[PDB]
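Peer 1: Can you keep this structure in mind? I'll have questions shortly.
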Amino acid sequence: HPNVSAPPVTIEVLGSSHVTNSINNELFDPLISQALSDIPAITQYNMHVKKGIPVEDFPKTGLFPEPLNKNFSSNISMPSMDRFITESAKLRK
Amino acid sequence: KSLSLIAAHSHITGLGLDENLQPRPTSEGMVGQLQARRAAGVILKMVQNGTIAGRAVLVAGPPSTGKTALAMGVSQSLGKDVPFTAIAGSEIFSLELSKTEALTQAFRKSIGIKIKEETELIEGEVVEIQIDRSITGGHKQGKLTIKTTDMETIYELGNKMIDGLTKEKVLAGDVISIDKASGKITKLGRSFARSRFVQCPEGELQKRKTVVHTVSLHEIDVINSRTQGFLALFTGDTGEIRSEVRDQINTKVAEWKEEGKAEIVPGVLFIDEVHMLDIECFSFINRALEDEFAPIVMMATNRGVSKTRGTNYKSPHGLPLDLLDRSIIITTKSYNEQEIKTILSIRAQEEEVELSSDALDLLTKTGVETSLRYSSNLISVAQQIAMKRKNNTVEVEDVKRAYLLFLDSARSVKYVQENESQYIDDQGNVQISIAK
Amino acid sequence: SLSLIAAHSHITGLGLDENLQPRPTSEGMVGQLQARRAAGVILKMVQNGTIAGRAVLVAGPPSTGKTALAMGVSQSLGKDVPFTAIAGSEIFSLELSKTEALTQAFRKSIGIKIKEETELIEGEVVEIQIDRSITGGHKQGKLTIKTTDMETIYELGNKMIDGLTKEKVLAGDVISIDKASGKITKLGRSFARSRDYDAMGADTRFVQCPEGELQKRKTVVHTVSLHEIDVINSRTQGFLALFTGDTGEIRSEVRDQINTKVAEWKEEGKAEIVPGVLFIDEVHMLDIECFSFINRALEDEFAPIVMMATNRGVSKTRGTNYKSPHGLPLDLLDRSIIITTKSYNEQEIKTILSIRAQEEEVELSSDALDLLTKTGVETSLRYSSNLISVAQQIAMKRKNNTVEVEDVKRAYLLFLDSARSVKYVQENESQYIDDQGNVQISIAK
Amino acid sequence: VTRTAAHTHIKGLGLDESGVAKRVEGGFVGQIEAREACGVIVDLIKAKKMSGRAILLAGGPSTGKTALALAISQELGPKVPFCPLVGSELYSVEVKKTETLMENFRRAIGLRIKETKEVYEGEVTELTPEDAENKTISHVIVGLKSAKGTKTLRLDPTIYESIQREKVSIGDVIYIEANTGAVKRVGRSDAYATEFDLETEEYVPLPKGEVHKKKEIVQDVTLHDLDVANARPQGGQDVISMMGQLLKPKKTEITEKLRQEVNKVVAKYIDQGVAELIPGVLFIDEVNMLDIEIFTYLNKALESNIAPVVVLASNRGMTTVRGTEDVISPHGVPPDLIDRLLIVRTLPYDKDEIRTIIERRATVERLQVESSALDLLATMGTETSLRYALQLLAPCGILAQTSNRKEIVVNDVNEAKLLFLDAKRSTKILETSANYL
Amino acid sequence: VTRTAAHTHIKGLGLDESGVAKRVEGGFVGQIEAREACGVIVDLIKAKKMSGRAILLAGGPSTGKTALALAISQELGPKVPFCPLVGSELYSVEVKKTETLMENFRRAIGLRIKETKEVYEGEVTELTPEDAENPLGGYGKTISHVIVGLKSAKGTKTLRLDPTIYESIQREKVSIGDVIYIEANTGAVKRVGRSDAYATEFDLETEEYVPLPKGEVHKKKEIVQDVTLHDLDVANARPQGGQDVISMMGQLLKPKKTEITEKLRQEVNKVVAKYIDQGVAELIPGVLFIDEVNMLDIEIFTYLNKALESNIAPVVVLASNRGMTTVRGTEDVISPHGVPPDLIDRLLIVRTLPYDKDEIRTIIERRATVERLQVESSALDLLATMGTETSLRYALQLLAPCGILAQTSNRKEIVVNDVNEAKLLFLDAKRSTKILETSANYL
Amino acid sequence: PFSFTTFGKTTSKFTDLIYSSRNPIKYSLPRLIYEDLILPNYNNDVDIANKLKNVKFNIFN
Ligand SMILES: Nc1ncnc2c1ncn2[C@@H]1O[C@H](COP(=O)(O)OP(=O)(O)O)[C@@H](O)[C@H]1O
Ligand SMILES: Nc1ncnc2c1ncn2[C@@H]1O[C@H](COP(=O)(O)OP(=O)(O)O)[C@@H](O)[C@H]1O
Ligand SMILES: Nc1ncnc2c1ncn2[C@@H]1O[C@H](COP(=O)(O)OP(=O)(O)O)[C@@H](O)[C@H]1O
Ligand SMILES: Nc1ncnc2c1ncn2[C@@H]1O[C@H](COP(=O)(O)OP(=O)(O)O)[C@@H](O)[C@H]1O
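Residue numbers (the UniProt record's numbering), protein chains in the order written: chain H, 1211 to 1303; chain D, 15 to 209, 220 to 460; chain F, 16 to 460; chain V, 21 to 154, 161 to 463; chain E, 21 to 463; chain A, 1025 to 1036, 1069 to 1117.
What follows is the structure, given as structure tokens:
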């Protein structure tokens, strides 16, 4: 896992809401954010059946690449109870 | 302050000069080199005047004579918000940038644009926050009671203030700052509530704050290049910025100076070991010094009548004569016993090394026979030897032990030449066997 | 309209007869009768189109007209025939190897002619009435396309409606639809429906409403080079690499598949191979690897006729350490035929100078033409050709229309040739930077 | 207070209406023959007829080749394109050197396009979108208002899409360009500044002028600008992106097909009278740094129909050409290229015009120099070099100013000569000393 | 049992409390003055005060320079960052060599930070999104908020997530009944796995089953983290960890070294100095070791001259076998140890002497005991004579074939016949060169 | 990993969680550069030149 995880460098411009709007539209662009994610299934049922939106006019989703495992999905590692036994040779024996 | 351990030029706080540009014998961590320091003060006044553009100076001399010390003194006496770009000669041989493009970036990192602007800020200590939620949540209302040491007020918040205060969670007792136009809330910290800790700010909320920005021309070149974001200012993958962007930036900067909305701050581009550039970089420097938006270039070299890189002939200082025609040369000289002793005493005083007078005399004799840098390196290891014996003062025997344990250049050369069979020579021959 | 008067703009082709015999002065080409006859033989072989991969080396001293002969061949070749004129220095690149750059230069010089028939309905849209189907399949539409003269109603299918909703066409938009293939375009908005909106959009283009017949028949002849097909089939969206140039070392199997498909499209008759000429100017500036790849690449049936130009004598081949005639190895000269260009006498210099002065609209006097001819015989053709225009500007600064002897003498005094500059440098060698870098900027000692 | 560069004092070639160079005019003194030759060259450029003409300025160092090149640049004017370049700049690590040379060739051919700029500025009073389905909006009625009155506009759904992109509501001062279609939200008006006591809205004033403002502008582009405009491996130059794209675009070898298509489009626009073609100057200082391959491609590219006027500078003599081994050629330029050049010889100076150069540089930098100090500076310029005196002019002024004098005295010149060394004295110190100076 | 290498037998410098060196301790034999100088350097590093101090280990081949560098690294401990390097490793095809040298300079400087993490951990009980009223506007997303219920041990609370945090949730494929772990510092979500409150014998995806997390939801936990300055530089140069689309697409791009600018390094230094001034992090300077420093060319030495003068540069130790050798990348610059005199003036040369017969004998004995081999005294004496005759490394590397030949003949001891057979089977460099000189068809 | 972040942290019916991570490194840009070189303005020409280079002189028009 990496040692340091960092967001991009935030650019601040004092006294301008246009900079904040453009930065929020760039970092959180809804097309790219929707492409790297998925709509919830009950939400898809609500747009398709309840709201009558065809599936061809849905936003494109599910384009994020799959990881190797569930272990490779995130960099956070939980303290394993089975590891705790083998951390001490006295306790393992 | 920032991150600073004790370095080679930490004791130099600038140029020890008077109001008449006369160098004191010992001032601001610099001793000796009176003509070199006066010439550096003249160059510093050329930078501080700001009316002279594209002057190349060459600091030339023997090694360990203070060329980089002179450049550090100029940089320390320059002050803040004046761009000092110090690079080595090998830094511009890049794999993703051409050498002329890297030289252009180094040239334009040393010219700044000074813009002053006003911002309305609300910096205060939060008394309380109330927010009354709706039945469903379509509309949110709230009151923010804030105070300072002088004032105390209540604000009727809108929806966007409520969303920007719930995000970046502000409780009672927090000193915060709000920019009203950009909608940015910065938590300066917890106030003096006993229950980090920052004092309650002074009164007159919603104050005008004047911010003075110095932005280098390279940053505006990266910004105006629409294929380059400003993250390339940190990642470094600017990747050969086109010339037309630089022409638009030059015309915009000239019209900003004419309109009075901005000022131009010239700076210093220092090139340590300038002999390591090749001849095409020297030609590019020869043409690029003629620009109006060009800084003053200090170059340091120690080579004497050396072969110019990229060519097959030899030139003085490793530099061709068309470059030396465009430059005025500052010559640094060697040090005598007293200047070496004063430099060693200053270096010992900086590193909190208490040493005796005869130890200082022995270190001065070593730095006269061998080199100033060898004795200045020997000071710290002699101090470590001194505290190994639980002694707080460096004696003569500590310097003798440090001289015995760590060798200089001439002793290493002599010990290699006496036992040249044990080392690997130019032909790759070595006798690793010790017998027969 | 954009082209200015260049160094070879006066040449409209080889000045030959129907018997391949060169005229003394025709189509801007003067002299070089053996070279022009040989180049006419070369042109016929390209026009025959039945043999492939001949290497022709145009050799001679500089300023004799090797590149002039190549431009004469290219002008006599006519349009829609691939002529690729490249220099030898363009092969050395950074993301393409030398053999790959040579392959792209070879396959850019041979193409295929393809005939297309278009039934174009071009007009402004008045109304699109959509018959909304209950099941949604086969959505019928009524297109009211309209010219200046007359207007019909067209029936529209479901994929037609999907194409007309993929791009945003409304009433008052000028579109043309192909009947045979169903191609869709949007030329923009008509000028009659242009004043209805106070501000135009980002992609809004204003075009004139077409007149005449609503549906027109047209036959379009497309000349597509083999390199174009390689770049198209190399990538998913390969047409951008045809213009940006980042093709990036197209693999071999694409090229064999495209060659076999070109052969079968030829044998079923929907395309015909048009060979052309690849002209490498200054071919001595190539590596020995490039020469070996040229030697093997000339033996393919999809290979153009290669004309190479060299002004070198017995010079060192690049990439090796030995000298060779023309700067070319002996196995390359083995698979080649050499056209030799000779120097010009006084009459040919005078005729070429008069033609170049007539091309630049400069009225030369007879004594000025004689002085320029004497300078051309003494120094060089190109020096007098460059002197003509600056003498014209000198005479125009003197409020004169034609040039005289004094204008040519002033241009000779102001601008130096090679020999005079060599003499001035050799007389004062301390003032210039030597090969060892030494110079004397100081004027006194 | 304006800064002073090395070529600030030169404003032109200093010629009269007959082309004869006045001796001291336009920041020049002496060098009359090369100035007259450069005047003939700029007359040839102003004729706007020739293509691929090449002139080489050959002379010693500190003689005024670059001075004559910038004098040509001021004589032509800012309308004519001028591309200054070094021979070292063609060696790029992203694209090949012939492509860089051809890009700099296309950078020196410009276009003037007359255009209109029409701007609607002010606060939105009404924003009513009319749908008229055939879900999809037909148009939008937008009412802008400034201090001189209000104005109503009908806008297409593309501008409505751009308006809803900017989060424009009722009461926001916005900016609309009628020709481009760009929508920029300036911010909320102060008439709605007291709806809440604290909110993230930026409250800007109402525009004092009219809502609709129209003016005439001229666009000065180059052929290289139009080349790189439609040759992008990753497109999207239209969208405003402060942050960079995820994949860095690299310089690529632009094919001749794009050049011919751009030329066809430009010729079609010129034939309509919209655009005007301005041939310009590509100046290459230190042309001896060019590789022999770049010289060969220069030989090929000087015969193009759209090539500009190329001005080369060199200070070498009988020198080996770069990239070769035994080609001794004048000025480091191979003899095949030299046959296509016109050579302008640049002469050295003597004491009197060196003195006038020194006094002109002193007058431009606003320094008062005494007459005997000027004579000492001229003698030092004849002894060491001219640029040594020209670069020691400003330390003399600083040493005079630190002694509270506005006049440079002889003692200031002696002090500046003592503090700063020329090349010859430093070479003598280098030769006499042993341990690396 | 244990796998051994060339420097396994060395546990440290092996000095007294006064800095003097015992002759045979710490896995070291001889080199008393070199070990004492290395101990003085180790104390200088432990002072944590100086910057850019540089020494040079000079000596012949097989004299123990890398042994002394490993002893310095072992005596400093695992907390002090030690960066071993070869002079050939700085030549990278992705980025310039000076950037690689600066990256290793920042890699040798360490930082120990206490970090407070705000954590929402627990088992997902309900996960219901609230849909947007206009899903196809193109400006928002299909949902507005997501209500998620989490229960820990003795605690239950519900969270209203914005669509970014829910996107981070659903990219971990979080369903009902999953114990999860949301880190509020970055928005990163860890799916711990299925809760053991339900049946755990009916899954097919080899999942782990975890209990409910102890304590309340929304904890604040303190973690001690050891990073380097290069880690911060490469994290800020290539941003990953945020939930914005730039961080997420930069996760998926191919990693590539870039020329990290001085502006980013100065900003990282400012943030680290702010962390120190709040008393939450401490700076641990370390060692950059460059073995075979002769492989560097003149440009890396020139950049080293500038980089050693920085106020953040680590302690740099170098090794070289060369004598009076020309510097790489130059033509006529003859210099000691292949290091130019501009860098030699900034150095402190530590000499290393060759060994005697008895020192070689006890080095062979210690290498035999660390490899679990039994050698007879006569065979040990023959190994010592072979080491003095051919080379020390040839005598050390012949011990394992001797053990193989001993265990082949069902013996635990190494007899003289075994070392004679290993001498016959395997050749040193001198005998191989003598075969090369007396052969025809280029052996 | 060590989170190089500044975010909304509690100093100490539902409680909402909003993504609020920011880099500690802040780049300050003046309003003049953004409003005169990037944004369209009446005295600027970025929209006109952008339409001229991207639409009017596009070779795929
Ligand atoms: N005049 C001086 N005053 C104070 N310190 C000096 C002086 N000259 C040199 N030094 C110190 O000596 C050390 C080596 O000098 P340096 O600047 O490296 O000279 P050079 O760059 O010419 O080799 C530096 O750490 C510098 O601080
Ligand atoms: N036969 C010819 N007829 C007309 N012009 C010629 C002829 N030969 C040469 N020229 C002129 O001489 C100039 C230089 O000739 P060029 O084609 O460059 O010869 P080379 O390629 O051998 O150097 C050209 O600009 C061309 O106009
Ligand atoms: N004839 C002249 N009159 C006035 N100033 C001159 C003249 N010639 C040269 N200079 C000045 O001398 C300086 C150096 O000359 P420059 O053109 O750089 O030499 P080079 O031709 O070697 O490039 C320039 O700043 C220029 O202003
Ligand atoms: N003083 C010593 N005591 C014990 N073993 C040593 C000693 N010096 C060297 N060695 C051994 O000799 C071998 C060669 O040492 P090394 O430092 O790798 O070579 P070099 O000195 O040429 O860099 C190492 O495996 C090491 O274990």
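All residues carry an ideal CB built from backbone N, CA and C; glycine is no exception.
DSSP on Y1075 (chain A), reduced to helix/strand/coil?
Peer 2: Within the sixth sequence, numbered from 1, the residue matching residue 1075 (chain A) stands at position 19. In the structure shown, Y1075 (chain A) sits in coil (DSSP, three-state: anything other than H, G, I, E or B).
Peer 1: Is there at least one Cβ from chain E nearer than 8 Å to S1027 (chain A)'s Cβ?
Peer 2: One-based indexing of the sixth sequence puts residue 1027 (chain A) at position 3. Yes - at least one Cβ of chain E is within 8 Å of the one on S1027 (chain A).
Peer 1: By the 10 Å Cβ neighbour count, where 16 or more other Cβ atoms means buried, how is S429 (chain E) classified, buried or exposed?
Peer 2: Here residue 429 (chain E) refers to the residue found at position 409 of the fifth sequence. Its Cβ having fewer than 16 others within 10 Å, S429 (chain E) is exposed.
Peer 1: Output the boundary residues of the alpha helix (DSSP H) element that contains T275 (chain F).
Peer 2: Taking the first residue of the third sequence as position 1, residue 275 (chain F) is located at position 260. 267-282 is the extent of the alpha helix (DSSP H) around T275 (chain F).
Peer 1: Applying the criterion that 16 or more other CB atoms from any shown protein chain within 10 Å of the CB defines a buried residue, is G158 (chain E) buried or exposed?
Peer 2: Locating residue 158 (chain E) in the fifth sequence gives position 138, counting from the first residue. With fewer than 16 other Cβ atoms within 10 Å, it is exposed.
Peer 1: Taking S82 (chain V) as part of the beta strand (DSSP E), name the residues at either end of that continuous run.
Peer 2: The residue you call residue 82 (chain V) lines up with position 62 of the fourth sequence. No beta strand (DSSP E) contains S82 (chain V), which DSSP labels as neither H nor E.
Peer 1: Output needed in chain order: residues of the region 260-277 of chain V with a Cβ under 7 Å from some Cβ in chain E.
Peer 2: For the region 260-277 of chain V, which is checked against every Cβ of chain E, the residues closer than 7 Å are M269, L272.
Peer 1: Please return the same chain residues whose Cβ sits closer than 7 Å to the Cβ of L363 (chain V), not counting the five positions on each side in sequence.
Peer 2: As a working mapping, residue 363 (chain V) is identified with position 337 in the fourth sequence. Hits under 7 Å: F321, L324, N325.
Peer 1: Take every Cβ of the region 353-360 of chain V, pair it with every Cβ of the region 334-341 of chain V, and state whether three or more of those distances are shorter than 8 Å.
Peer 2: A contact exists between the region 353-360 of chain V and the region 334-341 of chain V.
Peer 1: In whole angstroms, give me the CA-to-CA distance for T28 (chain E) and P101 (chain E).
Peer 2: For the purposes of this step, residue 28 (chain E) is identified with residue 8 of the fifth sequence, where counting begins at 1. For the purposes of this step, residue 101 (chain E) is identified with residue 81 of the fifth sequence, where counting begins at 1. Whole-angstrom Cα-Cα distance: 20 Å.
Peer 1: Within the present structure, is the beta-carbon of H27 (chain V) separated from the nearest heavy atom of ligand 3 by less than 7 Å?
Peer 2: By 1-based counting over the fourth sequence, the position of residue 27 (chain V) is 7. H27 (chain V): yes, Cβ under 7 Å from ligand 3.
Peer 1: In chain order, which alpha helix (DSSP H) runs of at least 4 residues are fully inside the region 27-88 of chain D?
Peer 2: Here the runs fully enclosed are 48-63.
Peer 1: Can a CB atom of chain E be found closer than 8 Å to the CB of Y1075 (chain A)?
Peer 2: Counting from 1 along the sixth sequence, the entry for residue 1075 (chain A) is found at position 19. It does: the Cβ of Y1075 (chain A) has a partner Cβ on chain E nearer than 8 Å.
Peer 1: Taking its Cβ as the centre, do 16 or more other Cβ atoms sit within 10 Å of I196 (chain V), making it buried, or is it exposed?
Peer 2: Within the fourth sequence, numbered from 1, the residue matching residue 196 (chain V) stands at position 170. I196 (chain V) comes out exposed.
Peer 1: Applying a beta-carbon distance threshold of less than 8 Å, which residues of chain F neighbour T281 (chain V)?
Peer 2: Residue numbering aside, residue 281 (chain V) sits at position 255 when the fourth sequence is read from its first letter. Near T281 (chain V) (Cβ distances below 8 Å), the residues of chain F are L257, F258, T259, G260.
Peer 1: Is the Cβ-Cβ distance between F317 (chain D) and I125 (chain D) less than 8 Å?
Peer 2: Indexing the second sequence from 1 puts residue 317 (chain D) at position 293. Indexing the second sequence from 1 puts residue 125 (chain D) at position 111. In contact: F317 (chain D) and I125 (chain D) (Cβ atoms closer than 8 Å).
Peer 1: Can you tell which of D:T335, D:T114, D:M323 has its C-alpha closest to the C-alpha of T355 (chain D)?
Peer 2: Here residue 355 (chain D) refers to the residue found at position 331 of the second sequence. Nearest C-alpha to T355 (chain D): D:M323.
Peer 1: With distances taken from CA atoms, which of F:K161, F:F121, F:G156, F:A286 is nearest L171 (chain F)?
Peer 2: The count along the third sequence starts at 1 and reaches residue 171 (chain F) at position 156. Checking every option, the nearest Cα to that of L171 (chain F) belongs to F:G156.
Peer 1: How far does the beta strand (DSSP E) with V336 (chain V) in it reach, from first residue to last?
Peer 2: As a first step, residue 336 (chain V) is located in the fourth sequence; it is residue number 310 there, counting from the start. Per DSSP, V336 (chain V) belongs to the beta strand (DSSP E) from 335-340.
Peer 1: Identify every residue that forms a DSSP beta bridge with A102 (chain D).
Peer 2: Translated into positions along the second sequence, residue 102 (chain D) becomes position 88. Answer is D:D296, bridged to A102 (chain D).
Peer 1: What would DSSP say about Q155 (chain D), mapped onto helix, strand or coil?
Peer 2: In the second sequence, the residue the question calls residue 155 (chain D) occupies position 141. Reduced to three states, the DSSP call for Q155 (chain D) is strand.
Peer 1: Along chain F, in chain order, which residues have C-beta atoms closer than 7 Å to that of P344 (chain D)?
Peer 2: Here residue 344 (chain D) is taken as the residue at index 320 of the second sequence, counted from 1. Going along chain F in sequence order, the residues near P344 (chain D) (Cβ under 7 Å) are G452.
Peer 1: Have a look at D177 (chain D) and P1250 (chain H) and give me their C-alpha separation to the nearest angstrom.
Peer 2: On the second sequence, residue 177 (chain D) is found 163 positions in, with the first residue counted as 1. On the first sequence, residue 1250 (chain H) is found 40 positions in, with the first residue counted as 1. When rounded, the distance between both Cα atoms is 24 Å.
Peer 1: Alpha carbon to alpha carbon, how far is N124 (chain V) from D146 (chain F)? Give it in angstroms, no decimals.
Peer 2: Numbered from its first residue, the third sequence carries residue 146 (chain F) at position 131. Numbered from its first residue, the fourth sequence carries residue 124 (chain V) at position 104. Cα-Cα distance, rounded: 57 Å.
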